[PDB]
Structure formats: C-alpha cells, structure tokens
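Note that each Cβ is placed from the backbone with ideal geometry, even for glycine, and that neighbours are counted across all protein chains shown. Just so it is clear, none of the values below were taken in a lab; they were calculated from the coordinates.
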Amino acid sequence: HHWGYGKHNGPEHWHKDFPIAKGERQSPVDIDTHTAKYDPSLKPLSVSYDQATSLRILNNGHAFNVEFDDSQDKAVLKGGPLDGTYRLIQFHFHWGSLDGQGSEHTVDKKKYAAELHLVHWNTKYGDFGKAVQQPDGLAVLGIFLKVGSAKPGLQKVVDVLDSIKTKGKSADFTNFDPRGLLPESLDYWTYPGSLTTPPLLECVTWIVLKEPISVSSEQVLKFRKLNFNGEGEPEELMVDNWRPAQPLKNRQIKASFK
Ligand SMILES: [Zn+2]
C-alpha cells in the first residue's frame, strides 16, 4: 500500500485499495453547530491521564506518534458517550502548509491550523488490533489547534522533532504529560465514525472538543519541517496530512453542552 497525501496517492485515491473509504460512517466530518443537538443523556467525560507512561516518538511517514504504555489502565478515557474503559495508546497530529488549513474535522466549514488525536481502545476487546474490528473499538479525542500564543506543554514534543525528521525515525520520549495538551473546557461534540487514514476502519467514537488550544507560529512551523520521505530520499515536507470532510449520511452529531 502506498497511500499518502500527494496529488497522486492522496485521499481521493484511497478508495481503490480501501473501498470502505466511501462507506456509511467515514471521518472526518463537518460539524454543523446549528444542527448538532445537545444531548442531556451524555454523562460527564472523564479524562484520567495522571498515571500516563509515554515511551517513544515515531515518524511513520504519515504523521508522528507519541506512544504510551498501554499494558495496564494507566491513562484512560471514560464517560461521555462511552460505555466502559478506553486506554490511551498514542497521540498524533494532522496539520497544514499554512495556518488556514490542517484540521480534519471542521466547525461550520472552518478549518483550524491543526488537529490533535488522542487515540484510545476499548479494554473489553483485549488488544488494539481486536478493537479496530469493532464498531465501538476505539475512542479518539480530537482537539483543534489555532495559531496564537505558544502552548508550553507542547514544546517538549516540538523540540524532539529534529531527531525524528524522516520516515522510520524514532526517539525515546519518556515522562511526557499529555494533560498539558488539553484545553480548559471539556465541552464536546460526539458522533460515530472511522479512522481518518487507511485502513479507514469504521471503529471510532469521535469526541471532538469545542475549545481549541493555541499554539505558536514557531511551534507549528517546526511540525512543517518534518519529512514524509525516509533518510536520504528526496525531501517531501510533511504538510497537509489531513483528510477532508466526508459525507455525514445517516448520522447525528450530539453536543455535550447547551
Ligand atoms: Zn489522526
């Protein structure tokens, strides 16, 4: 498989190797704020990251993953629309070539500079590989980024990127606290969807926070210095690694807030 985000291997081609690309619950989507309905039955969302154990950072040629030890319930997501316990496995980002694009979800068609995905799996399925085969297998916590003030809790991430410039490179990345990437509010929209990259599995409950985090222009600039290619190949800057919004179809987006 040779999918990516260029003119020749990008989102509009993915459906050929991954036919679920055109399925019934694909992500990302546009969140119409005037159609999404406050759902008083959602419980409060619970983000328990106090015991999180980050291990490593990886450039996989599509994005970078900060990886976590998920061999126990150390960092978990519960509540909101979720039944049971979802364990944090990794986080990553999608971003643009300019500040006016980069996010995958959009809010009333507005694109943010980037989007953070904190990826969790449902413990009830025992491992991640099994969970991605289940309609309620994953829970991804989506956070928009906008350019403004710098986010201090992002800077360690920013600073390790020199060392994972190219595809395949990894660095040790211990004692990173993902709580520093959260906004103040946990108000959210939620809907059933998919992974936003191949294999585009329809296994995700999306929880997208309403309040974006601010990062600096200098911070986001350093994301754009990364490379899609591997070491000693011609340089393709890692930019615009985002899938555009997909048809909503027979789905409702529910809001946690009035
Ligand atoms: Zn993502």
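Taking first residues from region 230-252 that are farther than 18 Å from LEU58 by Cβ and in contact (Cβ under 8 Å) with a residue 12 or more places away in the chain and partners that are charged (D, E, K, R) and not in a loop (DSSP other than H, G, I, E, B), the Cβ contacts under 8 Å between residues at least 6 apart in sequence or on separate chains come to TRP242/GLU115; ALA245/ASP30; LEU248/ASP30; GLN252/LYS37. List, please: which pairs have Cβ atoms under 8 Å, are six or more places apart or on different chains, and start with a residue in region 190-218 that is in contact (Cβ under 8 Å) with a residue 12 or more places away in the chain and end with one that is of a type in the set (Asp, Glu) and within 16 Å of the ligand (Cβ to nearest atom)? Final answer for the pair search is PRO192/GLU202; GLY193/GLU202; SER194/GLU202; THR196/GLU104.
Each residue in region 23-38 was checked for being of a type in the set (D, E, K, R) and either surrounded by fewer than 17 Cβ atoms within 10 Å (Cβ to Cβ) or free of Cβ contacts under 8 Å to residues at least 12 places away in the same chain (or both), and 3 pass. Has region 39-56 got any residue that is more than 24 Å from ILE89 (Cα to Cα), under 17 Å from the mean Cα position of the chain (by Cα), in contact (Cβ under 8 Å) with a residue 40 or more places away in the chain and crowded, with 17+ Cβ neighbours inside 10 Å? Checked against the condition, which is being more than 24 Å from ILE89 (Cα to Cα), under 17 Å from the mean Cα position of the chain (by Cα), in contact (Cβ under 8 Å) with a residue 40 or more places away in the chain and crowded, with 17+ Cβ neighbours inside 10 Å, region 39-56 yields no hits at all.
With respect to (1) under 18 Å from the mean Cα position of the chain (by Cα); (2) closer than 30 Å to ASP39 by Cα, the lone exception for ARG251 is condition (1). I'd like to know if region 178-187 contains one or more residues that are within 16 Å of the ligand (Cβ to nearest atom) and not aliphatic (A, V, I, L, M). Yes - at least one qualifying residue is present in region 178-187.
Among residues belonging to region 88-113 that are under 19 Å from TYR5 (Cα atoms) and of a type in the set (A, V, I, L, M), point out the one that is nearest to the ligand (Cβ to nearest atom). Checking each candidate, the answer is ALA113.
Yes/no matrix, rows are residues, columns are (1) surrounded by fewer than 17 Cβ atoms within 10 Å (Cβ to Cβ); (2) among the acidic types (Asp, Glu); (3) out of contact with any helix residue (DSSP H, G or I) (no Cβ under 6 Å at 6 or more places or on another chain):
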position	(1), (2), (3)
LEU58	no, no, yes
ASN65	no, no, yes
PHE68	no, no, yes
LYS74	yes, no, yes
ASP83	yes, yes, yes
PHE93	no, no, yes
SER97	yes, no, yes
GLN101	no, no, yes
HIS105	no, no, yes
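Restricting attention to region 12-22, the residues being buried (at least 16 other Cβ atoms within 10 Å of the Cβ) and more than 12 Å from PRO199 (Cα to Cα) number 1.
Confirm whether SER194 is within 15 Å of the ligand (Cβ to nearest atom) and over 20 Å from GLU67 (Cβ atoms). Criteria met by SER194.
Each residue in region 114-134 was checked for being away from the ligand (no atom under 15 Å from the Cβ) and on the phi < 0 side of the Ramachandran plot, and 10 of them qualify.
Filtered by the rule that a residue be within 15 Å of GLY230 (Cβ to Cβ) and aliphatic (A, V, I, L, M), region 149-177 gives a lone residue, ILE164. Does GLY80 satisfy being away from the ligand (no atom under 15 Å from the Cβ) and in contact with a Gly (Cβ under 9 Å, 6 or more places away or on another chain)? The answer is no for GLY80. Counting only residues that are part of a helix (DSSP H, G or I) and either in contact with a helix residue (DSSP H, G or I) (Cβ under 8 Å, 6 or more places away or on another chain) or basic (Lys, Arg) (or both), which one in region 135-157 is farthest from the ligand (Cβ to nearest atom)? Result: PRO152.
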